>>> print(open('start_33.cif').read())   # mmCIF, N, CA and C atoms
data_data
loop_
_atom_site.label_atom_id
_atom_site.label_comp_id
_atom_site.auth_asym_id
_atom_site.auth_seq_id
_atom_site.Cartn_x
_atom_site.Cartn_y
_atom_site.Cartn_z
N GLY O 1 -16.16 9.36 -0.77
CA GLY O 1 -14.75 9.80 -0.96
C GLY O 1 -13.83 8.67 -0.62
N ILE O 2 -12.54 8.96 -0.43
CA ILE O 2 -11.56 7.96 -0.11
C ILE O 2 -11.87 7.20 1.20
N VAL O 3 -12.46 7.83 2.19
CA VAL O 3 -12.67 7.18 3.48
C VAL O 3 -13.73 6.10 3.36
N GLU O 4 -14.81 6.44 2.72
CA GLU O 4 -15.84 5.51 2.43
C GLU O 4 -15.38 4.34 1.57
N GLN O 5 -14.59 4.66 0.55
CA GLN O 5 -14.13 3.67 -0.37
C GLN O 5 -13.00 2.80 0.11
N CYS O 6 -12.13 3.34 0.95
CA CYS O 6 -10.86 2.69 1.28
C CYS O 6 -10.71 2.32 2.76
N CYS O 7 -11.45 3.01 3.63
CA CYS O 7 -11.46 2.74 5.06
C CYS O 7 -12.69 2.00 5.56
N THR O 8 -13.88 2.54 5.35
CA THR O 8 -15.11 1.85 5.72
C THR O 8 -15.24 0.56 4.93
N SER O 9 -14.98 0.62 3.62
CA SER O 9 -14.94 -0.52 2.76
C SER O 9 -13.52 -0.90 2.33
N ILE O 10 -13.37 -1.84 1.43
CA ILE O 10 -12.08 -2.25 0.95
C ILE O 10 -11.93 -1.75 -0.50
N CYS O 11 -10.85 -1.02 -0.80
CA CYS O 11 -10.62 -0.51 -2.16
C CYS O 11 -9.49 -1.21 -2.90
N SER O 12 -9.55 -1.17 -4.23
CA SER O 12 -8.44 -1.69 -4.99
C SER O 12 -7.29 -0.67 -5.15
N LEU O 13 -6.19 -1.12 -5.72
CA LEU O 13 -5.14 -0.26 -6.21
C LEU O 13 -5.64 0.75 -7.18
N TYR O 14 -6.43 0.34 -8.13
CA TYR O 14 -6.82 1.27 -9.13
C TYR O 14 -7.67 2.38 -8.53
N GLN O 15 -8.58 2.02 -7.60
CA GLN O 15 -9.43 3.01 -6.94
C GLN O 15 -8.63 3.99 -6.10
N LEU O 16 -7.73 3.47 -5.29
CA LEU O 16 -6.81 4.23 -4.49
C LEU O 16 -6.06 5.28 -5.31
N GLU O 17 -5.59 4.86 -6.49
CA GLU O 17 -4.86 5.69 -7.39
C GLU O 17 -5.62 6.84 -7.97
N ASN O 18 -6.93 6.81 -8.11
CA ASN O 18 -7.54 8.06 -8.53
C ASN O 18 -7.63 9.07 -7.40
N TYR O 19 -6.99 8.79 -6.27
CA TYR O 19 -6.96 9.75 -5.19
C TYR O 19 -5.60 10.38 -5.05
N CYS O 20 -4.68 9.98 -5.93
CA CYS O 20 -3.35 10.57 -6.08
C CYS O 20 -3.50 11.86 -6.84
N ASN O 21 -2.60 12.82 -6.58
CA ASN O 21 -2.55 14.10 -7.26
C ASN O 21 -3.92 14.77 -7.35
N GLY A 1 16.07 -9.38 1.78
CA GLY A 1 14.72 -9.81 1.33
C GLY A 1 13.75 -8.68 1.54
N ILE A 2 12.45 -8.98 1.49
CA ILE A 2 11.42 -7.98 1.66
C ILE A 2 11.49 -7.27 3.03
N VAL A 3 11.89 -7.94 4.09
CA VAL A 3 11.87 -7.34 5.42
C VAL A 3 12.93 -6.25 5.53
N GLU A 4 14.11 -6.58 5.07
CA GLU A 4 15.18 -5.64 5.01
C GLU A 4 14.87 -4.44 4.12
N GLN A 5 14.28 -4.72 2.96
CA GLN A 5 13.98 -3.70 2.02
C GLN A 5 12.79 -2.85 2.32
N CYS A 6 11.78 -3.41 2.97
CA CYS A 6 10.47 -2.77 3.09
C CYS A 6 10.06 -2.45 4.54
N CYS A 7 10.64 -3.17 5.49
CA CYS A 7 10.39 -2.95 6.91
C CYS A 7 11.51 -2.23 7.65
N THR A 8 12.72 -2.76 7.64
CA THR A 8 13.86 -2.09 8.24
C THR A 8 14.13 -0.77 7.53
N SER A 9 14.10 -0.79 6.20
CA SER A 9 14.21 0.38 5.38
C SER A 9 12.89 0.77 4.72
N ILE A 10 12.90 1.75 3.84
CA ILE A 10 11.72 2.18 3.15
C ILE A 10 11.83 1.73 1.68
N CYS A 11 10.82 1.02 1.17
CA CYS A 11 10.83 0.55 -0.22
C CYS A 11 9.85 1.28 -1.13
N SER A 12 10.14 1.29 -2.43
CA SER A 12 9.19 1.84 -3.35
C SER A 12 8.09 0.82 -3.75
N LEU A 13 7.11 1.30 -4.49
CA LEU A 13 6.15 0.46 -5.18
C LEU A 13 6.83 -0.52 -6.09
N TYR A 14 7.77 -0.08 -6.87
CA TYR A 14 8.33 -0.97 -7.81
C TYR A 14 9.07 -2.10 -7.11
N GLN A 15 9.79 -1.78 -6.03
CA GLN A 15 10.52 -2.79 -5.26
C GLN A 15 9.58 -3.81 -4.61
N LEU A 16 8.56 -3.30 -3.95
CA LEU A 16 7.51 -4.09 -3.36
C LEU A 16 6.92 -5.11 -4.33
N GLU A 17 6.66 -4.65 -5.56
CA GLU A 17 6.12 -5.44 -6.61
C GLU A 17 6.96 -6.58 -7.08
N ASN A 18 8.28 -6.54 -6.99
CA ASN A 18 8.96 -7.78 -7.33
C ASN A 18 8.85 -8.83 -6.24
N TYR A 19 8.01 -8.59 -5.23
CA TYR A 19 7.80 -9.58 -4.21
C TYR A 19 6.44 -10.21 -4.34
N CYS A 20 5.69 -9.78 -5.35
CA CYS A 20 4.41 -10.37 -5.75
C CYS A 20 4.69 -11.63 -6.52
N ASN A 21 3.77 -12.59 -6.46
CA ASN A 21 3.84 -13.85 -7.18
C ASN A 21 5.20 -14.52 -7.05
N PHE B 1 -7.74 -13.05 9.63
CA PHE B 1 -6.42 -12.93 8.92
C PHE B 1 -5.83 -11.51 9.13
N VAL B 2 -5.57 -10.75 8.06
CA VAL B 2 -5.13 -9.36 8.20
C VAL B 2 -6.24 -8.35 7.83
N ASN B 3 -6.12 -7.15 8.36
CA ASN B 3 -7.08 -6.11 8.10
C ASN B 3 -6.82 -5.45 6.76
N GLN B 4 -7.82 -5.45 5.88
CA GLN B 4 -7.69 -4.89 4.52
C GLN B 4 -8.25 -3.47 4.36
N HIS B 5 -8.60 -2.87 5.47
CA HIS B 5 -9.03 -1.50 5.48
C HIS B 5 -7.78 -0.63 5.59
N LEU B 6 -7.83 0.54 4.97
CA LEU B 6 -6.73 1.50 5.03
C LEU B 6 -7.27 2.74 5.64
N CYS B 7 -7.12 2.89 6.93
CA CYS B 7 -7.66 4.06 7.59
C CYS B 7 -6.61 4.99 8.09
N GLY B 8 -6.93 6.28 8.05
CA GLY B 8 -6.15 7.30 8.74
C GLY B 8 -4.71 7.30 8.34
N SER B 9 -3.83 7.06 9.30
CA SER B 9 -2.41 7.03 9.04
C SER B 9 -1.92 5.89 8.12
N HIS B 10 -2.56 4.71 8.14
CA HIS B 10 -2.28 3.70 7.10
C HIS B 10 -2.75 4.11 5.73
N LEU B 11 -3.76 4.97 5.66
CA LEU B 11 -4.22 5.43 4.39
C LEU B 11 -3.17 6.35 3.79
N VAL B 12 -2.53 7.15 4.64
CA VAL B 12 -1.51 8.11 4.22
C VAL B 12 -0.31 7.37 3.66
N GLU B 13 0.09 6.32 4.35
CA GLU B 13 1.17 5.52 3.90
C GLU B 13 0.90 4.83 2.57
N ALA B 14 -0.33 4.36 2.36
CA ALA B 14 -0.66 3.62 1.16
C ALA B 14 -0.59 4.55 -0.02
N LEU B 15 -1.01 5.77 0.21
CA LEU B 15 -0.91 6.80 -0.78
C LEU B 15 0.54 7.26 -1.12
N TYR B 16 1.32 7.64 -0.10
CA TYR B 16 2.77 7.74 -0.24
C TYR B 16 3.40 6.72 -1.21
N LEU B 17 3.02 5.46 -1.02
CA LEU B 17 3.59 4.32 -1.70
C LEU B 17 3.15 4.23 -3.15
N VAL B 18 1.86 4.48 -3.39
CA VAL B 18 1.27 4.23 -4.70
C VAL B 18 1.27 5.48 -5.55
N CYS B 19 1.36 6.64 -4.93
CA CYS B 19 1.25 7.86 -5.69
C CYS B 19 2.61 8.31 -6.24
N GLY B 20 3.65 8.02 -5.46
CA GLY B 20 5.02 8.25 -5.89
C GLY B 20 5.32 9.69 -6.24
N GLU B 21 5.77 9.94 -7.47
CA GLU B 21 6.39 11.21 -7.81
C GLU B 21 5.37 12.32 -7.82
N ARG B 22 4.16 12.00 -8.26
CA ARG B 22 3.21 13.05 -8.56
C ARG B 22 2.41 13.48 -7.34
N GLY B 23 2.66 12.85 -6.19
CA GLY B 23 2.14 13.26 -4.90
C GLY B 23 0.65 13.11 -4.62
N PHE B 24 0.21 13.60 -3.47
CA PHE B 24 -1.21 13.48 -3.02
C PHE B 24 -1.65 14.49 -1.92
N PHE B 25 -2.92 14.83 -1.89
CA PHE B 25 -3.51 15.62 -0.81
C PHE B 25 -3.81 14.74 0.44
N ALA B 26 -3.45 15.18 1.65
CA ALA B 26 -2.76 16.46 1.89
C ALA B 26 -1.31 16.33 2.37
N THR B 27 -0.57 15.38 1.82
CA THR B 27 0.79 14.99 2.25
C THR B 27 1.25 15.44 3.63
N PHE X 1 5.87 12.69 11.30
CA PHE X 1 4.70 12.59 10.36
C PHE X 1 4.08 11.17 10.42
N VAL X 2 4.02 10.44 9.29
CA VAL X 2 3.57 9.05 9.30
C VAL X 2 4.73 8.06 9.09
N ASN X 3 4.52 6.83 9.56
CA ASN X 3 5.51 5.81 9.44
C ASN X 3 5.49 5.19 8.05
N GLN X 4 6.63 5.22 7.36
CA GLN X 4 6.76 4.71 5.98
C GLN X 4 7.34 3.29 5.88
N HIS X 5 7.49 2.66 7.00
CA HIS X 5 7.91 1.28 7.04
C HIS X 5 6.66 0.41 6.90
N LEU X 6 6.83 -0.73 6.26
CA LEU X 6 5.74 -1.69 6.08
C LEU X 6 6.17 -2.95 6.74
N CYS X 7 5.79 -3.15 7.98
CA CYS X 7 6.20 -4.34 8.68
C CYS X 7 5.09 -5.29 8.96
N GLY X 8 5.42 -6.57 8.93
CA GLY X 8 4.53 -7.62 9.44
C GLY X 8 3.18 -7.60 8.79
N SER X 9 2.15 -7.39 9.58
CA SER X 9 0.79 -7.35 9.07
C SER X 9 0.47 -6.17 8.12
N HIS X 10 1.09 -5.00 8.29
CA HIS X 10 0.99 -3.95 7.26
C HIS X 10 1.70 -4.32 5.98
N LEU X 11 2.71 -5.17 6.06
CA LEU X 11 3.39 -5.59 4.88
C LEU X 11 2.47 -6.49 4.07
N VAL X 12 1.69 -7.31 4.77
CA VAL X 12 0.76 -8.26 4.14
C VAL X 12 -0.32 -7.49 3.40
N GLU X 13 -0.84 -6.47 4.05
CA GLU X 13 -1.83 -5.65 3.43
C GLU X 13 -1.32 -4.92 2.20
N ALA X 14 -0.08 -4.44 2.23
CA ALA X 14 0.45 -3.66 1.13
C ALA X 14 0.59 -4.55 -0.07
N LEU X 15 0.98 -5.78 0.19
CA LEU X 15 1.06 -6.78 -0.84
C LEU X 15 -0.31 -7.22 -1.45
N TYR X 16 -1.25 -7.63 -0.60
CA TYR X 16 -2.66 -7.72 -1.00
C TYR X 16 -3.11 -6.67 -2.02
N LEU X 17 -2.78 -5.41 -1.73
CA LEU X 17 -3.22 -4.25 -2.46
C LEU X 17 -2.53 -4.10 -3.80
N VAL X 18 -1.21 -4.35 -3.82
CA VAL X 18 -0.40 -4.06 -5.00
C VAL X 18 -0.25 -5.28 -5.87
N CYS X 19 -0.45 -6.46 -5.32
CA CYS X 19 -0.19 -7.66 -6.09
C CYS X 19 -1.43 -8.08 -6.88
N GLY X 20 -2.60 -7.82 -6.30
CA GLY X 20 -3.88 -8.03 -6.97
C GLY X 20 -4.10 -9.45 -7.42
N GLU X 21 -4.32 -9.65 -8.71
CA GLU X 21 -4.87 -10.92 -9.20
C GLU X 21 -3.86 -12.03 -9.07
N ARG X 22 -2.60 -11.69 -9.28
CA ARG X 22 -1.60 -12.74 -9.44
C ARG X 22 -1.03 -13.21 -8.12
N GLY X 23 -1.48 -12.62 -7.01
CA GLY X 23 -1.20 -13.08 -5.66
C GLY X 23 0.22 -12.94 -5.12
N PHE X 24 0.45 -13.47 -3.92
CA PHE X 24 1.76 -13.37 -3.23
C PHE X 24 2.01 -14.42 -2.10
N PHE X 25 3.26 -14.77 -1.86
CA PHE X 25 3.64 -15.60 -0.72
C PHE X 25 3.71 -14.76 0.59
N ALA X 26 3.15 -15.24 1.71
CA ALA X 26 2.44 -16.52 1.78
C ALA X 26 0.92 -16.41 1.99
N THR X 27 0.29 -15.43 1.35
CA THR X 27 -1.13 -15.06 1.55
C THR X 27 -1.83 -15.56 2.81
#
>>> encode(input="start_33.cif", output="structure tokens")
Amino acid sequence: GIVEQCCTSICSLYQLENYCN
Amino acid sequence: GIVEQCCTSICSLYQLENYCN
Amino acid sequence: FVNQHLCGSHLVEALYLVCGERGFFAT
Amino acid sequence: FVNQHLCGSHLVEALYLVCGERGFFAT
């Protein structure tokens, strides 16, 4: 999920954005 | 500049982006 | 250098910023 | 709630994230 992708690892803008809405 | 716009105040994505490159 | 992880409350802010009008869970 | 200001080192990270390929001063 977002934590694995964006916190444990480093995520891009585009990846981050599929977690909007 | 960016500090006034994004730190002292709250900036949008679009505003932030004119500080790229 | 700087930390490139977005955790917890910084994650919330990054979402606020990038999601804009259409919002995000769990605001 | 959460802090919506992007200062200093959080500002650097926000730029890293949003600027992507074309970079930013002063990386």
>>> resolve_selection(input="start_33.cif", expression="the PyMOL selection byres ((chain B) within 7 of (chain O))", output="ChimeraX atom specification")
/B:4-8,15,18-19,22-25
>>> atom_distance(input="start_33.cif", atom1="atom CA of residue B:26", atom2="atom CA of residue B:14")
13.0 Å
>>> select_by_dssp(input="start_33.cif", residues="chain X", states="alpha helix (DSSP H)", output="JSON, numbers by chain")
{"X": [8, 9, 10, 11, 12, 13, 14, 15, 16, 17, 18, 19]}
>>> interface_residues(input="start_33.cif", of="chain X", to="chain B", cutoff="7 Å", atoms="only C-alpha atoms", output="PDB file with N, CA and C atoms, keeping the file's coordinate frame")
ATOM      1  N   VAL X   2       4.020  10.440   9.290  1.00  0.00           N
ATOM      2  CA  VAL X   2       3.570   9.050   9.300  1.00  0.00           C
ATOM      3  C   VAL X   2       4.730   8.060   9.090  1.00  0.00           C
ATOM      4  N   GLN X   4       6.630   5.220   7.360  1.00  0.00           N
ATOM      5  CA  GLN X   4       6.760   4.710   5.980  1.00  0.00           C
ATOM      6  C   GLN X   4       7.340   3.290   5.880  1.00  0.00           C
ATOM      7  N   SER X   9       2.150  -7.390   9.580  1.00  0.00           N
ATOM      8  CA  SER X   9       0.790  -7.350   9.070  1.00  0.00           C
ATOM      9  C   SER X   9       0.470  -6.170   8.120  1.00  0.00           C
ATOM     10  N   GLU X  13      -0.840  -6.470   4.050  1.00  0.00           N
ATOM     11  CA  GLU X  13      -1.830  -5.650   3.430  1.00  0.00           C
ATOM     12  C   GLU X  13      -1.320  -4.920   2.200  1.00  0.00           C
TER      13      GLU X  13
END
